[PDB]
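Data first, discussion second: the structure below is written as structure tokens.
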Amino acid sequence: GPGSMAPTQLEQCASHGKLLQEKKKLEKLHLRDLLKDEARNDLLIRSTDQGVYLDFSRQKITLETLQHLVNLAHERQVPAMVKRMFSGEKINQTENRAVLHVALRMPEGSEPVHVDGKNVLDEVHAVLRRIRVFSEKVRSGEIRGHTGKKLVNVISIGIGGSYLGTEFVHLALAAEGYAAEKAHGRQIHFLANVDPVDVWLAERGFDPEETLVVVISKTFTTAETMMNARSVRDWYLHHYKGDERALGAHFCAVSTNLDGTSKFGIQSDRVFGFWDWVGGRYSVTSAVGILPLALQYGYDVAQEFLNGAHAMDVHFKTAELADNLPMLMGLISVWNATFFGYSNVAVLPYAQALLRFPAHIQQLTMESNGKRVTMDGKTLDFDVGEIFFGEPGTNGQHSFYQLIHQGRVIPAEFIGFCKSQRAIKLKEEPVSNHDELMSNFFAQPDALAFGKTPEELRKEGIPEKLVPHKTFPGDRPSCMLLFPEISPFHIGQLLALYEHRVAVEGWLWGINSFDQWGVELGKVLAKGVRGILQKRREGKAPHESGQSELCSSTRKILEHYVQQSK
Amino acid sequence: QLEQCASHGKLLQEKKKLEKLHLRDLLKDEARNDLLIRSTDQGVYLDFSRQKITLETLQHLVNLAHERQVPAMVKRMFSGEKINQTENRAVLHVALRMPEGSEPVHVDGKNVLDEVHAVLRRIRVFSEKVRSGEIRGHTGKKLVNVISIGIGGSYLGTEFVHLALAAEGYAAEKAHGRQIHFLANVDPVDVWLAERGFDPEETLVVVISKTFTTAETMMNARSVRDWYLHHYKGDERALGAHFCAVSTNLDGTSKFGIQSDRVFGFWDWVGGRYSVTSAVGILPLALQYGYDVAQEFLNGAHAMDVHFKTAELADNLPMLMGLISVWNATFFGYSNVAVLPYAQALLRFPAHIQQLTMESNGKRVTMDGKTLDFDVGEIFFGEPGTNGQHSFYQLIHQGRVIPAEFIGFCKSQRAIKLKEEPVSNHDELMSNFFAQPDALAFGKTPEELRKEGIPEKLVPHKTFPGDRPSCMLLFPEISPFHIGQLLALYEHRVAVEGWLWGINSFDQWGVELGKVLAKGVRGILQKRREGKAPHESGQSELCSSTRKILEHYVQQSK
Ligand SMILES: O=C[C@H](O)[C@@H](O)[C@H](O)[C@H](O)COP(=O)(O)O
Ligand SMILES: O=C[C@H](O)[C@@H](O)[C@H](O)[C@H](O)COP(=O)(O)O
Ligand SMILES: [Cl-]
């Protein structure tokens, strides 16, 4: 429009009209009835040859509805978008960039991927080799701190995409048998917030002489990160009594901005770079995640994580639409959000290891698809990206599941694993602790689908006064994803699965999943407030500070703040 | 009921008027903004000017609260009436923090405060003795680690308060050398994580469960007991010195092997999600930080309680916050609220509020069982600022509208100011706190974008519609007292919304179905592990989907 990548807007697509009718048909049918159809149920399961099992039977779809959804994906040219992504076309059109997180995990010997005439895999693997060598030396003690001590602590400084994914993976692997051994004696703190309390927390229990600082920022100008980096710098200067020469041995960086890293005093043999075609929220498989993960766990664990994400990439670019797990989860979510109007998705990993997975998926989803215009700048007449949130199970069952069962409908995504990282089976116990865990994983989706009717409650002998309070309407959709175990490889697969599903949804809608213009205004306005606060702290009057140009509310609360802080 | 109130009709018309107007125009009105601020004498500053209301609308909101008898309900709550009618229970979390010498509050002819203060005195003495070493582990070592076992209401509030206090100057000194792990999930990885780095001989276990029958918590307690038995070479006699409990079920605590001098009880009228000011929270907080810190926390909750009980409707912060939320959710249809504290100390505050709000008001019937004609409780989520700005604010600014609640503090627990630096690190943090609400309210039009040289190509992409609402709350500092005030503010705001809607904020029947069905799957799994075939295990009665995925699971874990 003209030359747009997928010109049939969602409402123009042939299957859109058809899918609106399906919605009218399917809203009359309860999940408890649809699930009586085993032939249907059976054809809404997919199971890959590398261990990914997905069940999407608890969705308001017939096989007919699914066929319309697949047709819609074709009409929106989603398979063609996948090829453009993989061949390195600049599909991030508002920033004129490629979108090549997938290149980060293509193995050496893969088919070249060209961006402006250069095969980007050459630089991808050159950085991976350097991380491998560097992580090996730090871990062995070949590289030491300024006073000759082994570096056994890491402060990884970074916000948003520069830590959420990494912290997800870090915690996912912490209790893994092999990873734990390799991390033995080693610690990593994530310094994210500009709140100086987070600086204090990152420093706690760390001797600077045994500590390595990793400064992680794409631009190397992010306000919080650079402030944190200078503050940690100052902590070293206090420790080393002002001797600047002591700093170089304790600092390294991950960025796309080598002028920035140099000006900060970190030389290129301590910078492990990445590229503009790696979005922050898609950066964990670049040096952003691979360096800190390699430092904590060794390069081998980090490599297996990359191989798993690659496995899921190959699936995404080669599986037929109807067998393609990311396409499928993308279609189901667009169906729930756009056609059924459900604004939220609950991300529910039945794994304490995945404590911070929902937090990473929240950025990945919301920052990608929380948009209001198409790639080509047309205003959408409808809300697009869902609100994602979550906590691991069973925890969440005692927090917000009350609402998911009896309140607002929230489509749920249950994620589980067949084997435990740290199995327990007590002799007196009927079941292993993992089986107890998983009894919940299997029971919750059926509870959401089937519910419990007043009729059943009466037969159970519930008094009539309490029947409405104990009614479970059901009809609440869910997907169940189940992997063999929490290995680096399956963590990579799960990551890549969600990375691609987010892409699929963005392409279904015609938006740009890969820019984030929505964060700019806050940054600009906060810089203005910074200036005002500086002037007041310097002793300038309100008429002198610039605050008089702000609205009356902000005027008054600033003044309260200055008065309470002076 | 709600729709029958005179002010409901009036508020339906206000909504039609207000959706045609933009906050950028409303906020030009300084007299208006000025009346949309409250500031208490214990330091809580609330600004709700960035809301789609005029002073007329607000009057209508205040009237709706009277029409729904929100003030009479407060009085019923505080006097110990059984206002949780589906369970026939009083709702007396405010009793937990009434100071010694407060007027009696009766349930079933008994002044509940006698029991409230008796447990508090026993926690003070017990915590003093553990912390000083007058009470030791079985081998005589000072106890310096706590494994607090508990799920849901039995830990989320406690972990919120714990992390909020961790970096406080005085609390940190009191916590120095002391560690606490929260064992919540039945996932045995959480057991391994709880036990990690703790020598059992220096570790105290607090088992926390209102019923003392929750599946996860009891299995956890049994698993930790086993860990103790293996350390101590099967010697039962060693366990007593390492265990204590918080529960309403003393038959269950005894039967577990914990005697009454190591049980610190609470009561049926304390909801789980309102329990952190009972023994649930007060014992582990007192253990970690010493009792004085726990008491100051209680005193802060109590200050806000008195405010809730006495402030006139229009000056009453919980009522105001609850009214504004219903305005957004019920009248404007916004289903979510973002809870956004500009404080790393409040890392787990959103997670606690998520339970408090959603488990309370995620309901579909009124107190007396009438089906509601509309959705009620909002979906709450959040992360601290500034973290969240680099995670999901993109959507809050340009995507779906999500009413936001910004929480900040005037002073830092760990102030840094660098010589080379224009502002202190806290001021940098706070620059964002002050900027974001105005970014949301005013936005940035295409016209302004053109004036700044943005090419016409990018103008749509860089447009911010604005008109997105927010509240700003500012306290003096992250002290135990202000943490208490913040907690009680939210407990009461949730209660306000419940009463406006006509629901029971205080039951949670919604969790039973998953528990009953999980117990059945447990039995099927046992039978499969024991070698019963698929047709012999009970599996045959489940839907096909579950039968298949269960068999996959057994195959893959055989
Ligand atoms: O997708 C990422 C977004 O652009 C942004 O939210 C980013 O993740 C963080 O701000 C970190 O930015 P730097 O890596 O540039 O510091
Ligand atoms: O308000 C809380 C709810 O009742 C529920 O979330 C409860 O908090 C947990 O299920 C733990 O209950 P116990 O304390 O009985 O283990
Ligand atoms: Cl996904």
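Residues in the structure tokens are named by chain (A, B, ... in the order shown) and by number from 1 within that chain; ligands are numbered from 1 in the order shown.
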Exercise: residue 408 (chain B) partners within 12 Å, only C-alpha atoms, chain neighbours under 3 positions left out, as a count of residues only: 41
All residues 9 Å or closer to residue 157 (chain B), only C-alpha atoms, same chain fewer than 3 positions away omitted, as a count of residues only: 19
Env. residues ligand 3 / 6 Å / only C-alpha atoms and all ligand atoms / as a PyMOL selection string: chain A and resi 326+329+497-498+501
Written selection (N, CA, C and O atoms) as a compact mmCIF listing (two decimals), in the first residue's frame:
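Now in again_3.txt:
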```txt
# COMPACT_ATOMS: atom_id res chain seq x y z
N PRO A 326 4.45 -21.97 16.74
CA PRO A 326 4.35 -20.52 16.93
C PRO A 326 3.18 -19.93 16.16
O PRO A 326 2.46 -19.11 16.71
N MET A 329 -0.04 -20.86 18.15
CA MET A 329 -0.27 -20.07 19.37
C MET A 329 -0.58 -18.62 19.04
O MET A 329 -1.35 -17.95 19.74
N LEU A 497 10.01 -20.11 20.96
CA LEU A 497 8.61 -20.32 20.66
C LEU A 497 7.83 -19.02 20.89
O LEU A 497 7.03 -18.59 20.03
N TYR A 498 8.04 -18.40 22.04
CA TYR A 498 7.34 -17.14 22.38
C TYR A 498 7.82 -15.98 21.50
O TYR A 498 7.01 -15.19 21.00
N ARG A 501 5.93 -16.49 18.26
CA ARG A 501 4.51 -16.31 18.41
C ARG A 501 4.20 -14.82 18.45
O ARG A 501 3.20 -14.39 17.84
```
CA of residue 377 (chain A) to CA of residue 457 (chain B), straight-line distance in Å: 7.4 Å
Close residues to ligand 1 using only C-alpha atoms and all ligand atoms, limit 6 Å, as a list in words: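 If we count only C-alpha atoms and all ligand atoms, the neighbours of ligand 1 turn out to be residues 159, 160, 161, 162, 217, 218, 219, 220, 222, 279, 280 and 281 of chain A; 390 and 391 of chain B.
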Kindly compile the residues surrounding ligand 2 within 9 Å, counting only C-alpha atoms and all ligand atoms, and format them as a short mmCIF file (atom, residue, chain, number, x, y, z; two decimals) with N, CA, C and O atoms, in the first residue's frame.
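Output contents, as saved in part_22.cif:
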```cif
data_model
loop_
_atom_site.label_atom_id
_atom_site.label_comp_id
_atom_site.auth_asym_id
_atom_site.auth_seq_id
_atom_site.Cartn_x
_atom_site.Cartn_y
_atom_site.Cartn_z
N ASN A 395 1.96 -21.48 42.88
CA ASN A 395 1.84 -20.19 43.57
C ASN A 395 0.60 -19.38 43.17
O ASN A 395 -0.19 -18.95 44.04
N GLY A 396 0.46 -19.16 41.87
CA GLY A 396 -0.59 -18.31 41.35
C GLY A 396 -1.99 -18.74 41.70
O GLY A 396 -2.92 -17.91 41.74
N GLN A 397 -2.15 -20.03 41.96
CA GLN A 397 -3.46 -20.60 42.32
C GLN A 397 -3.99 -20.02 43.61
O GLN A 397 -5.21 -20.07 43.86
N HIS A 398 -3.06 -19.55 44.45
CA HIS A 398 -3.39 -18.97 45.74
C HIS A 398 -3.25 -17.47 45.69
O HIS A 398 -3.19 -16.81 46.76
N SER A 399 -3.18 -16.90 44.48
CA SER A 399 -3.05 -15.45 44.34
C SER A 399 -4.17 -14.83 43.52
O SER A 399 -4.93 -14.02 44.03
N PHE A 400 -4.25 -15.19 42.26
CA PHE A 400 -5.20 -14.60 41.34
C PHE A 400 -6.09 -15.60 40.62
O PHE A 400 -6.99 -15.19 39.87
N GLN A 402 -8.57 -17.30 41.62
CA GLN A 402 -9.96 -16.97 41.99
C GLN A 402 -10.62 -16.16 40.89
O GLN A 402 -11.70 -16.51 40.45
N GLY B 150 5.00 -21.51 53.36
CA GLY B 150 3.69 -20.96 53.23
C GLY B 150 3.46 -20.46 51.83
O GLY B 150 4.38 -20.09 51.13
N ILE B 151 2.19 -20.49 51.41
CA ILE B 151 1.83 -20.18 50.05
C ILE B 151 0.68 -19.17 50.10
O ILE B 151 -0.01 -19.06 51.10
N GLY B 152 0.50 -18.42 49.01
CA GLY B 152 -0.60 -17.44 48.93
C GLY B 152 -0.50 -16.35 49.98
O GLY B 152 0.57 -15.72 50.19
N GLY B 153 -1.61 -16.19 50.70
CA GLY B 153 -1.70 -15.17 51.74
C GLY B 153 -0.68 -15.37 52.85
O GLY B 153 -0.36 -14.44 53.56
N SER B 154 -0.18 -16.60 52.97
CA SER B 154 0.75 -16.97 54.03
C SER B 154 2.19 -16.62 53.72
O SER B 154 3.09 -16.95 54.51
N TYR B 155 2.43 -15.99 52.57
CA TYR B 155 3.76 -15.43 52.29
C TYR B 155 3.83 -14.17 51.42
O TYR B 155 4.74 -13.41 51.62
N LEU B 156 2.91 -13.97 50.46
CA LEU B 156 3.07 -12.85 49.53
C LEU B 156 3.15 -11.50 50.24
O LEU B 156 3.95 -10.68 49.88
N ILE B 208 3.56 -21.98 58.15
CA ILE B 208 2.49 -20.98 58.20
C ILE B 208 1.32 -21.44 57.32
O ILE B 208 1.44 -21.47 56.11
N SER B 209 0.19 -21.76 57.94
CA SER B 209 -1.02 -22.17 57.21
C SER B 209 -2.25 -21.99 58.08
O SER B 209 -2.34 -22.57 59.18
N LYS B 210 -3.21 -21.22 57.56
CA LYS B 210 -4.39 -20.88 58.31
C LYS B 210 -5.09 -22.16 58.72
O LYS B 210 -5.37 -22.36 59.89
N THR B 211 -5.30 -23.05 57.75
CA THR B 211 -5.97 -24.32 57.97
C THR B 211 -5.08 -25.46 58.48
O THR B 211 -5.56 -26.44 59.05
N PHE B 212 -3.79 -25.32 58.27
CA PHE B 212 -2.80 -26.39 58.48
C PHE B 212 -3.12 -27.66 57.72
O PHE B 212 -2.74 -28.74 58.11
N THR B 213 -3.79 -27.51 56.59
CA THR B 213 -4.05 -28.61 55.69
C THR B 213 -3.77 -28.26 54.21
O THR B 213 -4.02 -29.05 53.36
N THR B 214 -3.22 -27.09 53.90
CA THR B 214 -2.96 -26.79 52.50
C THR B 214 -1.93 -27.78 51.92
O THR B 214 -0.86 -28.03 52.53
N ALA B 215 -2.23 -28.29 50.72
CA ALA B 215 -1.52 -29.44 50.13
C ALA B 215 -0.04 -29.11 50.01
O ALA B 215 0.83 -29.85 50.46
N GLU B 216 0.24 -27.93 49.50
CA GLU B 216 1.63 -27.60 49.20
C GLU B 216 2.42 -27.37 50.45
O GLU B 216 3.53 -27.90 50.64
N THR B 217 1.85 -26.58 51.32
CA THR B 217 2.54 -26.21 52.55
C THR B 217 2.80 -27.41 53.44
O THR B 217 3.87 -27.53 54.01
N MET B 218 1.85 -28.33 53.53
CA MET B 218 2.07 -29.51 54.34
C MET B 218 3.11 -30.47 53.74
O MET B 218 3.96 -31.04 54.47
N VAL B 246 2.46 -21.05 62.55
CA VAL B 246 1.42 -20.05 62.66
C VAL B 246 0.21 -20.61 61.95
O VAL B 246 0.30 -20.95 60.78
N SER B 247 -0.92 -20.70 62.64
CA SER B 247 -2.11 -21.33 62.12
C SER B 247 -3.30 -21.04 63.00
O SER B 247 -3.14 -20.63 64.16
N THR B 248 -4.50 -21.28 62.47
CA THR B 248 -5.71 -21.31 63.31
C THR B 248 -6.05 -22.71 63.77
O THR B 248 -6.94 -22.86 64.55
N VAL B 270 -9.35 -13.49 60.11
CA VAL B 270 -8.23 -12.93 59.38
C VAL B 270 -8.13 -13.62 58.03
O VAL B 270 -7.67 -14.75 57.93
N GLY B 271 -8.55 -12.96 56.96
CA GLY B 271 -8.33 -13.52 55.63
C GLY B 271 -6.84 -13.65 55.28
O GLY B 271 -6.01 -12.83 55.73
N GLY B 272 -6.50 -14.65 54.47
CA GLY B 272 -5.08 -14.99 54.15
C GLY B 272 -4.42 -13.80 53.53
O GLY B 272 -3.35 -13.38 53.96
N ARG B 273 -5.10 -13.23 52.52
CA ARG B 273 -4.63 -12.05 51.82
C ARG B 273 -4.66 -10.76 52.66
O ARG B 273 -4.22 -9.73 52.20
N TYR B 274 -5.20 -10.84 53.87
CA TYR B 274 -5.17 -9.74 54.82
C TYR B 274 -4.41 -10.12 56.10
O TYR B 274 -4.59 -9.49 57.15
N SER B 275 -3.53 -11.12 56.01
CA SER B 275 -2.96 -11.74 57.22
C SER B 275 -1.58 -11.25 57.64
O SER B 275 -1.12 -11.62 58.72
N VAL B 280 1.23 -14.35 60.96
CA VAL B 280 1.68 -14.77 59.61
C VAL B 280 2.88 -13.95 59.17
O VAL B 280 3.89 -14.51 58.72
N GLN B 355 -2.77 -10.52 44.38
CA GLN B 355 -3.62 -11.39 45.19
C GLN B 355 -4.74 -10.62 45.92
O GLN B 355 -5.92 -10.98 45.85
N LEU B 356 -4.36 -9.59 46.65
CA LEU B 356 -5.33 -8.86 47.52
C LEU B 356 -6.54 -8.39 46.74
O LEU B 356 -7.70 -8.58 47.19
N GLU B 359 -8.13 -11.77 44.16
CA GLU B 359 -8.75 -12.85 44.93
C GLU B 359 -9.93 -12.32 45.74
O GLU B 359 -10.90 -13.07 45.98
N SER B 360 -9.90 -11.04 46.12
CA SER B 360 -11.02 -10.44 46.84
C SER B 360 -12.21 -10.19 45.91
O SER B 360 -13.36 -10.55 46.21
N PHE B 506 -14.27 -11.04 50.71
CA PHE B 506 -13.56 -11.73 51.79
C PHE B 506 -13.63 -13.28 51.77
O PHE B 506 -12.95 -13.95 52.57
N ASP B 507 -14.40 -13.86 50.84
CA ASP B 507 -14.36 -15.31 50.57
C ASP B 507 -13.52 -15.62 49.31
O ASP B 507 -12.98 -14.71 48.71
N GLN B 508 -13.33 -16.90 48.98
CA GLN B 508 -12.59 -17.31 47.80
C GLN B 508 -12.97 -18.74 47.43
O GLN B 508 -12.12 -19.65 47.44
N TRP B 509 -14.23 -18.92 47.08
CA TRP B 509 -14.75 -20.23 46.68
C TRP B 509 -14.15 -20.65 45.35
O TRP B 509 -14.13 -21.82 45.03
N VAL B 511 -11.27 -21.13 44.39
CA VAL B 511 -10.06 -21.96 44.40
C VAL B 511 -10.33 -23.46 44.65
O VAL B 511 -9.43 -24.29 44.45
#
```
So that I can check the surroundings of region 360-366 of chain A, please list as a PDB file with N, CA and C atoms, in the first residue's frame every protein, DNA and RNA residue that reaches within 6 Å of it, counting only C-alpha atoms and ignoring chain neighbours fewer than 2 positions away.
```pdb
ATOM      1  N   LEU A 164      15.961  -8.812  31.455  1.00  0.00           N
ATOM      2  CA  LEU A 164      14.781  -9.616  31.806  1.00  0.00           C
ATOM      3  C   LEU A 164      14.889 -11.004  31.248  1.00  0.00           C
ATOM      4  N   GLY A 165      15.280 -11.116  29.985  1.00  0.00           N
ATOM      5  CA  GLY A 165      15.459 -12.439  29.403  1.00  0.00           C
ATOM      6  C   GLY A 165      16.552 -13.237  30.121  1.00  0.00           C
ATOM      7  N   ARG A 281      14.341  -6.742  23.546  1.00  0.00           N
ATOM      8  CA  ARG A 281      13.476  -7.785  24.071  1.00  0.00           C
ATOM      9  C   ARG A 281      13.674  -9.121  23.334  1.00  0.00           C
ATOM     10  N   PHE A 357      10.073 -16.020  34.176  1.00  0.00           N
ATOM     11  CA  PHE A 357       9.665 -16.183  32.803  1.00  0.00           C
ATOM     12  C   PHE A 357       8.482 -15.258  32.446  1.00  0.00           C
ATOM     13  N   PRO A 358       7.434 -15.205  33.308  1.00  0.00           N
ATOM     14  CA  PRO A 358       6.337 -14.328  32.955  1.00  0.00           C
ATOM     15  C   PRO A 358       6.805 -12.880  32.811  1.00  0.00           C
ATOM     16  N   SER A 368       6.405  -5.387  22.157  1.00  0.00           N
ATOM     17  CA  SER A 368       6.308  -5.657  20.722  1.00  0.00           C
ATOM     18  C   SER A 368       4.960  -5.195  20.091  1.00  0.00           C
ATOM     19  N   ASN A 369       3.855  -5.590  20.718  1.00  0.00           N
ATOM     20  CA  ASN A 369       2.540  -5.514  20.062  1.00  0.00           C
ATOM     21  C   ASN A 369       1.562  -4.532  20.690  1.00  0.00           C
ATOM     22  N   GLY A 370       2.020  -3.802  21.697  1.00  0.00           N
ATOM     23  CA  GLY A 370       1.243  -2.706  22.285  1.00  0.00           C
ATOM     24  C   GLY A 370       1.335  -1.452  21.415  1.00  0.00           C
ATOM     25  N   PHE A 388       0.025  -9.274  29.066  1.00  0.00           N
ATOM     26  CA  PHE A 388       0.510 -10.543  29.592  1.00  0.00           C
ATOM     27  C   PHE A 388       1.005 -10.349  31.009  1.00  0.00           C
ATOM     28  N   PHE A 389       0.698 -11.315  31.864  1.00  0.00           N
ATOM     29  CA  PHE A 389       1.194 -11.315  33.245  1.00  0.00           C
ATOM     30  C   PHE A 389       1.246 -12.747  33.737  1.00  0.00           C
ATOM     31  N   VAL A 502       5.028 -14.035  19.154  1.00  0.00           N
ATOM     32  CA  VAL A 502       4.821 -12.574  19.218  1.00  0.00           C
ATOM     33  C   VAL A 502       4.890 -11.985  17.808  1.00  0.00           C
TER      34      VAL A 502
ATOM     35  N   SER B 391       9.784  -2.258  29.997  1.00  0.00           N
ATOM     36  CA  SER B 391       9.152  -3.525  29.804  1.00  0.00           C
ATOM     37  C   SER B 391       7.801  -3.374  29.124  1.00  0.00           C
ATOM     38  N   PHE B 392       6.824  -2.757  29.778  1.00  0.00           N
ATOM     39  CA  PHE B 392       5.459  -2.772  29.270  1.00  0.00           C
ATOM     40  C   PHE B 392       4.819  -1.399  29.118  1.00  0.00           C
ATOM     41  N   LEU B 395       3.094  -0.223  25.829  1.00  0.00           N
ATOM     42  CA  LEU B 395       1.660  -0.540  25.642  1.00  0.00           C
ATOM     43  C   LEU B 395       0.772   0.439  26.425  1.00  0.00           C
TER      44      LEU B 395
END
```
Long-range neighbours of residue 341 (chain A) as a ChimeraX atom specification, 10 Å cut-off, only C-alpha atoms, 3 positions minimum in chain: /A:334-338,344,382-384,386,409
Residue contacts of residue 541 (chain B) (12 Å, only C-alpha atoms) excluding same-chain residues fewer than 4 positions away, as a PyMOL selection string: (chain A and resi 36) or (chain B and resi 517+520-521+524+534-537+545-547)
Atoms kept (N, CA and C atoms) for selection, written as a PDB file, in the first residue's frame:
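Below is the file that was written, again00.pdb:
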```
ATOM      1  N   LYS A  36     -16.407 -32.939  24.303  1.00  0.00           N
ATOM      2  CA  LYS A  36     -16.996 -34.280  24.143  1.00  0.00           C
ATOM      3  C   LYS A  36     -16.555 -34.897  22.816  1.00  0.00           C
TER       4      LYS A  36
ATOM      5  N   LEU B 517     -10.114 -31.365  41.855  1.00  0.00           N
ATOM      6  CA  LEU B 517      -9.692 -32.088  40.669  1.00  0.00           C
ATOM      7  C   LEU B 517      -8.224 -32.507  40.759  1.00  0.00           C
ATOM      8  N   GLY B 520      -7.903 -35.761  42.651  1.00  0.00           N
ATOM      9  CA  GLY B 520      -8.199 -36.901  41.762  1.00  0.00           C
ATOM     10  C   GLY B 520      -7.044 -37.299  40.821  1.00  0.00           C
ATOM     11  N   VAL B 521      -6.335 -36.309  40.286  1.00  0.00           N
ATOM     12  CA  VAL B 521      -5.244 -36.586  39.325  1.00  0.00           C
ATOM     13  C   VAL B 521      -4.091 -37.198  40.112  1.00  0.00           C
ATOM     14  N   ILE B 524      -4.740 -40.894  40.342  1.00  0.00           N
ATOM     15  CA  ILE B 524      -4.502 -41.518  39.040  1.00  0.00           C
ATOM     16  C   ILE B 524      -3.001 -41.706  38.856  1.00  0.00           C
ATOM     17  N   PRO B 534      -3.376 -47.863  32.082  1.00  0.00           N
ATOM     18  CA  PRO B 534      -4.296 -46.763  31.833  1.00  0.00           C
ATOM     19  C   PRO B 534      -5.763 -47.088  32.154  1.00  0.00           C
ATOM     20  N   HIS B 535      -6.245 -48.284  31.834  1.00  0.00           N
ATOM     21  CA  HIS B 535      -7.669 -48.596  32.061  1.00  0.00           C
ATOM     22  C   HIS B 535      -7.995 -48.949  33.497  1.00  0.00           C
ATOM     23  N   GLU B 536      -6.984 -49.004  34.362  1.00  0.00           N
ATOM     24  CA  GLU B 536      -7.136 -49.395  35.749  1.00  0.00           C
ATOM     25  C   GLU B 536      -6.884 -48.231  36.708  1.00  0.00           C
ATOM     26  N   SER B 537      -6.519 -47.056  36.206  1.00  0.00           N
ATOM     27  CA  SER B 537      -6.015 -46.029  37.077  1.00  0.00           C
ATOM     28  C   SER B 537      -7.081 -45.001  37.478  1.00  0.00           C
ATOM     29  N   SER B 545      -8.373 -35.135  26.012  1.00  0.00           N
ATOM     30  CA  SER B 545      -7.197 -34.287  26.007  1.00  0.00           C
ATOM     31  C   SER B 545      -6.281 -34.615  27.178  1.00  0.00           C
ATOM     32  N   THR B 546      -6.887 -34.728  28.346  1.00  0.00           N
ATOM     33  CA  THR B 546      -6.130 -34.951  29.562  1.00  0.00           C
ATOM     34  C   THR B 546      -5.555 -36.368  29.602  1.00  0.00           C
ATOM     35  N   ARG B 547      -6.323 -37.339  29.115  1.00  0.00           N
ATOM     36  CA  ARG B 547      -5.841 -38.721  29.054  1.00  0.00           C
ATOM     37  C   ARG B 547      -4.563 -38.823  28.235  1.00  0.00           C
TER      38      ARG B 547
END
```
Strand (DSSP E) residues, from DSSP on the backbone, in region 55-262 of chain A, as a list in words: residues 55, 56, 57, 58, 114, 115, 118, 119, 153, 154, 155, 156, 157, 187, 188, 189, 190, 191, 211, 212, 213, 214, 215, 216, 251, 252, 253 and 254 of chain A
Computed interatomic separation between CA of residue 196 (chain A) and CA of residue 227 (chain A) (Å):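 If I compute the distance from CA of residue 196 (chain A) to CA of residue 227 (chain A), I get 9.6 Å.
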Top pick for closest residue to chain A, considering B:28, B:302, B:60, B:451 and counting only C-alpha atoms: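 Among B:28, B:302, B:60, B:451, it is B:28 that comes nearest to chain A.
Atom pair CA of residue 518 (chain A) / CA of residue 163 (chain A): separated by 19.8 Å.
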Polymer residues at most 12 Å from residue 121 (chain A), only C-alpha atoms, same-chain spacing of 2 or more positions, as a list in words: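 In the requested form, the answer reads residues 87, 88, 100, 101, 102, 103, 104, 105, 106, 107, 108, 109, 110, 111, 112, 113, 114, 115, 118, 119, 123, 124, 125, 126, 127, 128, 274, 275 and 286 of chain A.
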Pick from B:111, B:132, B:42, B:223, whichever lies nearest to chain A using only C-alpha atoms: B:223
Nearest to chain B by atom-to-atom distance, counting only C-alpha atoms, from A:77, A:333, A:228, A:4: A:228
Backbone-only DSSP, alpha helix (DSSP H) members of region 14-65 of chain A, as an MDAnalysis selection string: chainID A and resid 14:26 31:34 38:42 63:65
Selection: 12 Å around residue 318 (chain A), only C-alpha atoms, excl. self and same-chain fewer than 3 positions, as JSON, numbers by chain: {"A": [79, 80, 82, 83, 86, 311, 312, 313, 314, 315, 321, 322, 323, 324, 325, 326, 327]}
Best match for closeness to chain A among B:500, B:186, B:112, B:241, counting only C-alpha atoms: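 The closest residue to chain A is B:186.
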